[PDB]
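First comes the structure, then the notes that go with it.
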Amino acid sequence: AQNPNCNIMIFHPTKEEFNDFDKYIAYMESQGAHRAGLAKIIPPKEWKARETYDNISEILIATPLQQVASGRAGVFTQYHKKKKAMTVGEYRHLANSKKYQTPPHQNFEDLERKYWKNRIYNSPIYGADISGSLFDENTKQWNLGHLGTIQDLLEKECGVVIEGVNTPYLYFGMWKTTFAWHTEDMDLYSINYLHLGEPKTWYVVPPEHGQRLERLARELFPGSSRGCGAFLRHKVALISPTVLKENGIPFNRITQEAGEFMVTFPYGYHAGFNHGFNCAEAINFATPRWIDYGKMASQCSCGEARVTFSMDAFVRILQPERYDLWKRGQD
Ligand SMILES: O=C(O)CNC(=O)C(=O)O
Ligand SMILES: [Mg+2]
Ligand code: NI
Ligand SMILES: [Zn+2]
């Protein structure tokens with residue numbers, strides 16, 4: 001069995017290997033990359049996402065989100081308070097302001113220590129989940145707006161034609177902006193490209209050990225767990241690496257820098273934070289190996305999770321027994 005310790009693997013494809021996206025995902029899995037839940041892919045030196053980032057300031061962040069924490073430094077939830085619209089140029093200036101800027105630090109490890117010590121005492125503002133793309137239309141390799149769609153994959157594997165669409169999302173971050181512990185919708189893969197700016201630190205639990213994280217979360221968030229049998233679908237809970245280690249939960253960590261891709265694998269729980277002003281692009285995708293994870297994905301039916309239109313068909317076809325309850329939680 002390849003990668004039996006479930007280490008995060010880093011790949012350096014050549015320009016020739018960068019042509020066929022599906023083939024390269026299958027290659028990484030042949031080497032055991034999925035066992036970690038997360039892999040890094042460093043593009044060949046010949047590749048670029050677009051020519052420059054000099055002309056992005058007029059993108060609108062319609063609903064910036066202030067991420068307010070509750071709890072203790074290593075075990076907390078966050079809620080998202082909506083703020084007034086602002087442009088990317090306005091948001092960048094805000095991120096660089098004395099109130100929000102990255103503090104002085106020695107290295108990524110010192111910054112990680114400061115994040116976990118101090119995150120709860122501040123409320124950073126995140127431009128998340130903005131439909132759009134920063135890949136040039138002429139970028140033919142690993143262009144996250146030109147991937148094969150999940151509806152086409154389901155149709156190819158299972159023969160059923162379904163409605164829905166699959167488009168990318170932009171994320172504008174600042175110091176301490178935080179992504180809570182989650183797997184993807186329907187336990188899909190994700191791919192994330194860090195277009196510019198400061199790094200993103202990731203934490204990940206191997207898919208084969210995801211239920212260990214779920215059991216700890218039920219212990220640590222006991223009211224939330226009574227409210228919903230899949231409350232991590234709400235994407236609000238944080239647990240630090242120190243708490244994970246104290247409770248014996250297997251995990252790994254890695255820092256993504258600008259110009260790098262990350263892939264999350266089906267049922268790979270992940271969480272993390274941004275180091276300073278940055279912009280990432282991400283999208284969900286599927287492969288044939290995903291189908292069995294999709295069929296077994298947990299679902300929130302309490303009303304909190306609310307998701308896109310396009311997830312309807314996935315539940316309806318893959319999980320018909322669960323469909324009626326889940327759809328009620330969507331309405
Ligand atoms: O970058 C973020 O805030 C969160 N991204 C992801 O969870 C992802 O790409 O799967
Ligand atoms: Mg612009
Ligand atoms: Ni994710
Ligand atoms: Zn729920």
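A note on labels: chains of the structure tokens are A, B, ... as shown, every chain counts residues from 1, and ligands are counted from 1 in their shown order.
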
field: 9 Å shell around ligand 1 using only C-alpha atoms and all ligand atoms, listed as a ChimeraX atom specification
entry: /A:126,128-129,170-173,177-184,189-194,200,202,262-264,270-274,279-284

Would you mind exporting N, CA and C atoms of the selected residues as a compact mmCIF listing (two decimals), in the first residue's frame?
```txt
# COMPACT_ATOMS: atom_id res chain seq x y z
N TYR A 126 -13.21 38.47 5.74
CA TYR A 126 -12.88 37.47 4.66
C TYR A 126 -13.81 37.82 3.43
N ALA A 128 -15.00 35.87 0.83
CA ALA A 128 -15.20 34.44 0.44
C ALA A 128 -16.26 34.15 -0.50
N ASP A 129 -16.12 33.08 -1.24
CA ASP A 129 -17.14 32.51 -2.01
C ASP A 129 -17.70 33.47 -3.09
N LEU A 170 -13.64 32.69 -6.01
CA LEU A 170 -12.50 33.51 -5.50
C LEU A 170 -12.68 33.76 -4.03
N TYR A 171 -11.53 33.80 -3.35
CA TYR A 171 -11.39 34.07 -1.92
C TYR A 171 -10.36 35.10 -1.72
N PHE A 172 -10.70 36.25 -1.13
CA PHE A 172 -9.75 37.28 -0.74
C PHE A 172 -9.60 37.22 0.75
N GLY A 173 -8.36 37.00 1.25
CA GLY A 173 -8.10 36.81 2.70
C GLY A 173 -7.20 37.90 3.26
N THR A 177 -7.83 35.30 8.84
CA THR A 177 -9.03 34.71 8.24
C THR A 177 -8.85 33.22 8.25
N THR A 178 -9.97 32.54 8.50
CA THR A 178 -10.02 31.17 8.94
C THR A 178 -11.01 30.32 8.20
N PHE A 179 -10.60 29.12 7.78
CA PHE A 179 -11.53 28.15 7.23
C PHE A 179 -11.68 27.01 8.24
N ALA A 180 -12.93 26.78 8.69
CA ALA A 180 -13.29 25.83 9.70
C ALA A 180 -13.14 24.38 9.22
N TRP A 181 -13.09 23.44 10.14
CA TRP A 181 -12.97 22.02 9.79
C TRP A 181 -14.15 21.54 8.93
N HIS A 182 -13.86 20.98 7.78
CA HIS A 182 -14.95 20.49 6.89
C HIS A 182 -14.39 19.52 5.91
N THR A 183 -15.27 18.67 5.33
CA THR A 183 -15.07 18.07 4.03
C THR A 183 -15.88 18.80 2.99
N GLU A 184 -15.66 18.57 1.73
CA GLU A 184 -16.39 19.22 0.68
C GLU A 184 -17.83 18.75 0.63
N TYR A 189 -13.84 16.14 -4.31
CA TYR A 189 -12.47 16.75 -4.26
C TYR A 189 -12.62 18.25 -4.29
N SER A 190 -11.57 18.97 -3.88
CA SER A 190 -11.39 20.38 -4.21
C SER A 190 -10.02 20.61 -4.77
N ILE A 191 -9.87 21.66 -5.56
CA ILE A 191 -8.56 22.16 -5.99
C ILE A 191 -8.54 23.64 -5.73
N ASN A 192 -7.43 24.13 -5.18
CA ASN A 192 -7.26 25.52 -4.76
C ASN A 192 -5.95 26.06 -5.26
N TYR A 193 -5.98 27.14 -6.00
CA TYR A 193 -4.78 27.83 -6.50
C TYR A 193 -4.63 29.16 -5.77
N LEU A 194 -3.43 29.38 -5.17
CA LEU A 194 -3.15 30.63 -4.49
C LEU A 194 -2.57 31.59 -5.54
N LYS A 200 -1.11 30.50 2.94
CA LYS A 200 -2.28 29.83 3.55
C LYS A 200 -1.76 28.58 4.24
N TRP A 202 -2.61 24.98 6.03
CA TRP A 202 -3.62 23.94 6.01
C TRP A 202 -3.36 22.93 7.07
N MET A 262 -3.22 23.26 -4.27
CA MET A 262 -3.54 22.22 -3.30
C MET A 262 -4.73 21.43 -3.79
N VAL A 263 -4.72 20.11 -3.64
CA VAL A 263 -5.89 19.26 -3.92
C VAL A 263 -6.33 18.64 -2.64
N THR A 264 -7.59 18.75 -2.26
CA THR A 264 -8.19 17.96 -1.21
C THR A 264 -8.94 16.79 -1.82
N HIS A 270 -10.38 19.23 6.43
CA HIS A 270 -9.36 20.24 6.44
C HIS A 270 -9.83 21.55 7.07
N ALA A 271 -8.85 22.37 7.52
CA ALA A 271 -9.06 23.64 8.17
C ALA A 271 -7.82 24.43 7.97
N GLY A 272 -7.86 25.73 8.20
CA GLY A 272 -6.62 26.53 8.06
C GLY A 272 -6.82 27.98 8.18
N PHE A 273 -5.77 28.74 7.86
CA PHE A 273 -5.82 30.21 8.02
C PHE A 273 -4.89 30.91 7.07
N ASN A 274 -5.17 32.15 6.76
CA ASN A 274 -4.33 32.98 5.89
C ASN A 274 -3.35 33.85 6.72
N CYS A 279 -5.20 36.11 -2.42
CA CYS A 279 -6.31 35.78 -3.26
C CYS A 279 -6.10 34.35 -3.71
N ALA A 280 -7.10 33.49 -3.49
CA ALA A 280 -7.15 32.10 -3.93
C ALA A 280 -8.35 31.88 -4.79
N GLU A 281 -8.29 30.85 -5.63
CA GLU A 281 -9.41 30.37 -6.50
C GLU A 281 -9.57 28.93 -6.23
N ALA A 282 -10.81 28.45 -6.09
CA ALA A 282 -11.05 27.03 -5.79
C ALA A 282 -12.32 26.55 -6.49
N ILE A 283 -12.36 25.23 -6.73
CA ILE A 283 -13.53 24.60 -7.30
C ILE A 283 -13.57 23.17 -6.86
N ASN A 284 -14.78 22.60 -6.78
CA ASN A 284 -14.95 21.16 -6.58
C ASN A 284 -14.85 20.41 -7.89
```

- request: Extract, using only C-alpha atoms, all DNA, RNA and protein residues at most 10 Å from segment 47-57 of chain A, discarding same-chain residues fewer than 6 positions from it, and format them as a list in words.
  value: residues 14, 15, 18, 87, 88, 89, 90, 91, 92, 134, 135, 136, 137, 138, 139, 140, 141, 142, 143, 144, 193, 195, 196 and 259 of chain A

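With atom CA of residue 261 of chain A on one side and atom CA of residue 165 of chain A on the other, the separation reads 22.5 Å.
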
- prompt: What is the atom CA of residue 230 of chain A to atom CA of residue 297 of chain A distance in Å?
  reply: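 Value for the atom CA of residue 230 of chain A-atom CA of residue 297 of chain A distance: 10.0 Å.
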
message: Using DSSP secondary structure from the backbone, list all alpha helix (DSSP H) positions within segment 208-315 of chain A, as a ChimeraX atom specification.
response: /A:210-220,222-227,241-246,290-296,311-315

Write out the residues from the selection above, keeping N, CA, C and O atoms, as a compact mmCIF listing (two decimals), in the first residue's frame.
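So the final result, stored in part.txt, reads:
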```txt
# COMPACT_ATOMS: atom_id res chain seq x y z
N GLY A 210 -11.27 10.03 9.30
CA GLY A 210 -12.19 11.14 9.48
C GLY A 210 -13.17 10.95 10.60
O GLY A 210 -13.54 11.94 11.29
N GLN A 211 -13.62 9.74 10.84
CA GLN A 211 -14.61 9.54 11.92
C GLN A 211 -13.98 9.81 13.29
O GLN A 211 -14.68 10.14 14.25
N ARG A 212 -12.68 9.73 13.45
CA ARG A 212 -12.00 10.10 14.73
C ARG A 212 -12.14 11.57 14.96
O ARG A 212 -12.43 12.02 16.11
N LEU A 213 -11.99 12.42 13.94
CA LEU A 213 -12.20 13.82 14.09
C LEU A 213 -13.70 14.12 14.42
O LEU A 213 -13.98 14.95 15.29
N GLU A 214 -14.61 13.46 13.74
CA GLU A 214 -16.03 13.66 14.01
C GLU A 214 -16.39 13.32 15.49
O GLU A 214 -17.12 14.09 16.15
N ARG A 215 -15.83 12.26 16.01
CA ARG A 215 -16.13 11.89 17.39
C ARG A 215 -15.56 12.90 18.33
O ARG A 215 -16.22 13.28 19.32
N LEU A 216 -14.36 13.42 18.12
CA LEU A 216 -13.85 14.47 18.97
C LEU A 216 -14.70 15.69 18.86
O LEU A 216 -14.95 16.37 19.90
N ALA A 217 -15.09 16.09 17.66
CA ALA A 217 -15.91 17.27 17.50
C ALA A 217 -17.24 17.15 18.29
O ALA A 217 -17.69 18.16 18.88
N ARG A 218 -17.83 15.98 18.26
CA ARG A 218 -19.11 15.82 19.05
C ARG A 218 -18.82 16.04 20.52
O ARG A 218 -19.65 16.69 21.22
N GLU A 219 -17.69 15.59 21.04
CA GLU A 219 -17.31 15.81 22.44
C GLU A 219 -17.07 17.27 22.73
O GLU A 219 -17.40 17.77 23.84
N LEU A 220 -16.38 17.99 21.86
CA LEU A 220 -15.98 19.35 22.09
C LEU A 220 -17.06 20.41 21.85
O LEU A 220 -16.96 21.55 22.35
N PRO A 222 -20.76 19.97 22.26
CA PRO A 222 -21.81 19.06 22.54
C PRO A 222 -23.29 19.61 22.21
O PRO A 222 -24.05 18.80 21.71
N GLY A 223 -23.47 20.85 22.41
CA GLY A 223 -24.78 21.47 22.00
C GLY A 223 -25.00 21.41 20.49
O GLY A 223 -26.04 21.02 19.98
N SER A 224 -23.95 21.72 19.78
CA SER A 224 -24.05 21.66 18.27
C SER A 224 -24.30 20.26 17.81
O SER A 224 -25.10 20.03 16.87
N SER A 225 -23.69 19.27 18.42
CA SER A 225 -23.86 17.90 18.04
C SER A 225 -25.30 17.39 18.32
O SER A 225 -25.85 16.68 17.52
N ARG A 226 -25.90 17.85 19.42
CA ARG A 226 -27.33 17.53 19.66
C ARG A 226 -28.25 18.15 18.64
O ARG A 226 -29.25 17.56 18.30
N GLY A 227 -27.91 19.31 18.17
CA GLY A 227 -28.71 20.05 17.15
C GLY A 227 -28.70 19.41 15.81
O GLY A 227 -29.66 19.57 15.03
N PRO A 241 -4.10 22.41 16.48
CA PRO A 241 -3.24 21.21 16.39
C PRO A 241 -2.88 20.70 17.78
O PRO A 241 -2.69 19.49 17.97
N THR A 242 -2.69 21.60 18.75
CA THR A 242 -2.35 21.10 20.10
C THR A 242 -3.48 20.26 20.67
O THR A 242 -3.26 19.20 21.29
N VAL A 243 -4.75 20.69 20.50
CA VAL A 243 -5.88 19.90 20.99
C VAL A 243 -6.01 18.58 20.25
O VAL A 243 -6.31 17.51 20.81
N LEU A 244 -5.79 18.62 18.90
CA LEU A 244 -5.80 17.38 18.14
C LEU A 244 -4.73 16.36 18.70
O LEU A 244 -5.05 15.17 18.86
N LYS A 245 -3.54 16.89 18.92
CA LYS A 245 -2.45 15.99 19.43
C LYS A 245 -2.80 15.49 20.81
O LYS A 245 -2.61 14.28 21.11
N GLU A 246 -3.39 16.30 21.65
CA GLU A 246 -3.74 15.85 23.03
C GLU A 246 -4.74 14.74 23.02
O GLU A 246 -4.82 13.90 23.95
N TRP A 290 -14.46 9.03 -6.72
CA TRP A 290 -15.34 9.78 -5.81
C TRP A 290 -16.73 9.13 -5.64
O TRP A 290 -17.35 9.35 -4.59
N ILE A 291 -17.27 8.45 -6.70
CA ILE A 291 -18.66 8.08 -6.66
C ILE A 291 -19.06 7.35 -5.34
O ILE A 291 -20.09 7.69 -4.75
N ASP A 292 -18.22 6.41 -4.90
CA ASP A 292 -18.56 5.70 -3.69
C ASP A 292 -18.56 6.59 -2.47
O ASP A 292 -19.39 6.42 -1.52
N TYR A 293 -17.71 7.62 -2.43
CA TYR A 293 -17.76 8.61 -1.34
C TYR A 293 -19.00 9.45 -1.43
O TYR A 293 -19.68 9.74 -0.39
N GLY A 294 -19.40 9.89 -2.59
CA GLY A 294 -20.62 10.63 -2.73
C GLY A 294 -21.86 9.93 -2.23
O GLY A 294 -22.74 10.48 -1.61
N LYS A 295 -21.94 8.63 -2.49
CA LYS A 295 -23.06 7.78 -2.07
C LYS A 295 -23.14 7.68 -0.55
O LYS A 295 -24.24 7.48 0.01
N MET A 296 -22.05 7.78 0.14
CA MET A 296 -21.97 7.61 1.61
C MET A 296 -21.80 8.91 2.34
O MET A 296 -21.79 8.85 3.58
N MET A 311 -26.25 20.82 -5.91
CA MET A 311 -26.16 19.65 -5.07
C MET A 311 -27.42 18.81 -5.02
O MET A 311 -27.37 17.58 -4.74
N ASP A 312 -28.59 19.39 -5.39
CA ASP A 312 -29.82 18.68 -5.43
C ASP A 312 -29.71 17.41 -6.20
O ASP A 312 -30.13 16.36 -5.65
N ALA A 313 -29.24 17.42 -7.45
CA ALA A 313 -29.19 16.25 -8.24
C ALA A 313 -28.29 15.21 -7.67
O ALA A 313 -28.53 14.02 -7.84
N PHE A 314 -27.17 15.63 -7.01
CA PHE A 314 -26.25 14.66 -6.45
C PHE A 314 -26.94 13.87 -5.34
O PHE A 314 -26.83 12.65 -5.34
N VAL A 315 -27.67 14.51 -4.46
CA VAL A 315 -28.39 13.83 -3.41
C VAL A 315 -29.48 12.95 -4.02
O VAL A 315 -29.69 11.80 -3.60
```

field: Selection as number ranges by chain: residues within 10 Å of ligand 4 by only C-alpha atoms and all ligand atoms
entry: A: 224-235, 299-306, 326, 329

Please, could you write that set of residues out with N, CA, C and O atoms as a short mmCIF file (atom, residue, chain, number, x, y, z; two decimals), in the first residue's frame?
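Result written to out-v7.cif:
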```cif
data_model
loop_
_atom_site.label_atom_id
_atom_site.label_comp_id
_atom_site.auth_asym_id
_atom_site.auth_seq_id
_atom_site.Cartn_x
_atom_site.Cartn_y
_atom_site.Cartn_z
N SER A 224 -23.95 21.72 19.78
CA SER A 224 -24.05 21.66 18.27
C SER A 224 -24.30 20.26 17.81
O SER A 224 -25.10 20.03 16.87
N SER A 225 -23.69 19.27 18.42
CA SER A 225 -23.86 17.90 18.04
C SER A 225 -25.30 17.39 18.32
O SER A 225 -25.85 16.68 17.52
N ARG A 226 -25.90 17.85 19.42
CA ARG A 226 -27.33 17.53 19.66
C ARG A 226 -28.25 18.15 18.64
O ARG A 226 -29.25 17.56 18.30
N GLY A 227 -27.91 19.31 18.17
CA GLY A 227 -28.71 20.05 17.15
C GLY A 227 -28.70 19.41 15.81
O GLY A 227 -29.66 19.57 15.03
N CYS A 228 -27.58 18.69 15.46
CA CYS A 228 -27.42 18.20 14.09
C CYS A 228 -26.41 17.07 14.07
O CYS A 228 -25.27 17.27 14.52
N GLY A 229 -26.77 15.95 13.43
CA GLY A 229 -25.93 14.78 13.31
C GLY A 229 -24.78 14.93 12.33
O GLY A 229 -23.95 14.00 12.27
N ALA A 230 -24.72 16.07 11.63
CA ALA A 230 -23.60 16.41 10.71
C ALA A 230 -23.20 17.86 10.80
O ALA A 230 -23.05 18.58 9.84
N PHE A 231 -23.08 18.39 12.05
CA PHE A 231 -22.82 19.76 12.22
C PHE A 231 -21.52 20.39 11.67
O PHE A 231 -21.47 21.54 11.46
N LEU A 232 -20.54 19.47 11.38
CA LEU A 232 -19.34 20.03 10.69
C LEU A 232 -19.67 20.53 9.26
O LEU A 232 -18.96 21.45 8.83
N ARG A 233 -20.82 20.08 8.72
CA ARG A 233 -21.31 20.68 7.45
C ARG A 233 -21.64 22.14 7.58
O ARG A 233 -21.71 22.86 6.61
N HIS A 234 -21.79 22.66 8.82
CA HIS A 234 -22.05 24.08 9.03
C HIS A 234 -20.86 24.97 8.82
O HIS A 234 -20.94 26.15 8.68
N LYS A 235 -19.64 24.35 8.85
CA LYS A 235 -18.40 25.01 8.61
C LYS A 235 -18.14 26.16 9.55
O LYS A 235 -17.80 27.27 9.17
N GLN A 299 -25.06 14.01 5.57
CA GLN A 299 -25.69 15.19 5.23
C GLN A 299 -26.34 15.93 6.42
O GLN A 299 -26.75 15.25 7.41
N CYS A 300 -26.33 17.25 6.37
CA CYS A 300 -27.04 18.12 7.32
C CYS A 300 -28.48 18.25 6.74
O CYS A 300 -28.63 18.74 5.61
N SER A 301 -29.45 18.02 7.56
CA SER A 301 -30.85 18.33 7.24
C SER A 301 -31.50 19.34 8.19
O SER A 301 -32.74 19.53 8.07
N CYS A 302 -30.71 20.03 9.09
CA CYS A 302 -31.30 20.90 10.12
C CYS A 302 -31.55 22.23 9.58
O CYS A 302 -32.16 23.04 10.31
N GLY A 303 -31.07 22.61 8.41
CA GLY A 303 -31.28 23.92 7.89
C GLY A 303 -30.08 24.81 7.87
O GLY A 303 -30.05 25.86 7.19
N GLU A 304 -29.04 24.41 8.60
CA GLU A 304 -27.92 25.33 8.70
C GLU A 304 -27.10 25.30 7.46
O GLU A 304 -26.90 26.39 6.91
N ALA A 305 -26.87 24.11 6.87
CA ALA A 305 -25.80 24.03 5.82
C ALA A 305 -26.07 24.80 4.52
O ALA A 305 -25.16 25.44 3.98
N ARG A 306 -27.31 24.95 4.14
CA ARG A 306 -27.74 25.55 2.81
C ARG A 306 -26.62 25.71 1.74
O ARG A 306 -25.57 26.39 1.95
N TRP A 326 -33.20 15.82 3.37
CA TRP A 326 -32.20 16.81 3.09
C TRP A 326 -32.85 18.01 2.39
O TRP A 326 -32.48 19.19 2.68
N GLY A 329 -34.42 20.45 4.56
CA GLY A 329 -33.43 21.34 5.23
C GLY A 329 -32.93 22.45 4.32
O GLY A 329 -32.38 23.46 4.80
#
```

message: Between A:107, A:3, A:123, A:96, which residue has the minimum interatomic distance to residue 80 of chain A, considering only C-alpha atoms?
response: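 Looking only at the distances to residue 80 of chain A, the closest residue turns out to be A:123.
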
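Atom pair atom CA of residue 9 of chain A / atom CA of residue 252 of chain A: separated by 10.7 Å.
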